[PDB]
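Listed next as structure tokens is one chain, alone, in the form solved without its partner chain.
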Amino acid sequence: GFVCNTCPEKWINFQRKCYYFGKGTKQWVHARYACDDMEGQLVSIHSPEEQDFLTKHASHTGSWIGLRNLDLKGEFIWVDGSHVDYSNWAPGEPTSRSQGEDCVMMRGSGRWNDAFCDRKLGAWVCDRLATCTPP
């Protein structure tokens, strides 16, 4: 169970995860289901090296990621339930005064903006666990 770097076709490995860079115009919840129906989830990001890997492959015109303010009251959490131990917010984000802007996108710089969930974006990123080579 020693080496975890195998992904399915069309996915890209980085560390112990596989990532799928989707293209196609979708609102946040729609991208959420595209990822689930391929057996991953909208991406969660947990380190600067993971962020750097995403920034190099990310779409220039913005991508949905798996961060959402779930519950009115300003606390953004990952769809996969993993915890928030890393953040790459654009300066000033997320703001208190933006009622309704509960979903998160990653810009071409890789920095994160909150967004209305019904915004349509051209790209979205899924992740899943890499499987491991038997030695």
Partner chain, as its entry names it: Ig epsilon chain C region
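Residues that one form lacks are left out of the comparison. Residue numbers count along the first chain shown, from 1. We call the rigid core whatever largest set of C-alpha positions still superposes within 1.5 Å between the two forms.
Another form, the form solved in complex with its partner chain, is not on view; read the next lines as being about it.
Student: Is it the case that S109, even though its partner is missing from this view, gets within 4.5 Å of its partner chain in the deposited complex, heavy atoms only?
Tutor: Answer no; every heavy atom of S109 is more than 4.5 Å from its partner chain in the deposited complex.
Student: Taking the shortest heavy atom distance, is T61 within 4.5 Å of its partner chain in the deposited complex?
Tutor: No.
Student: Determine whether any heavy atom of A123 comes within 4.5 Å of a heavy atom of its partner chain in the deposited complex, and answer yes or no.
Tutor: Judged by the heavy-atom cut-off of 4.5 Å, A123 is well away from its partner chain in the deposited complex.
Student: Do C18 and its partner chain come within 4.5 Å of each other in the deposited complex, heavy atoms counted?
Tutor: No, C18 stays farther than 4.5 Å from its partner chain in the deposited complex.
Student: After a core superposition, would you say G74 shifts its C-alpha by at least 2 Å between this form and the one not shown?
Tutor: The answer is yes; the displacement is at least 2 Å.
Student: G81 to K73, Cα distance in the deposited complex relative to here: closer or farther, by 3 Å or more?
Tutor: Compared with the form shown here, the C-alpha atoms of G81 and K73 sit closer together in the deposited complex, by 3 Å or more.
Student: For residues shared by both forms, which stretches of 3 or more shift their Cα by 2 Å or more between this form and the one not shown, once the core is superposed?
Tutor: After core superposition, the displaced runs are 72 to 74, 96 to 99.
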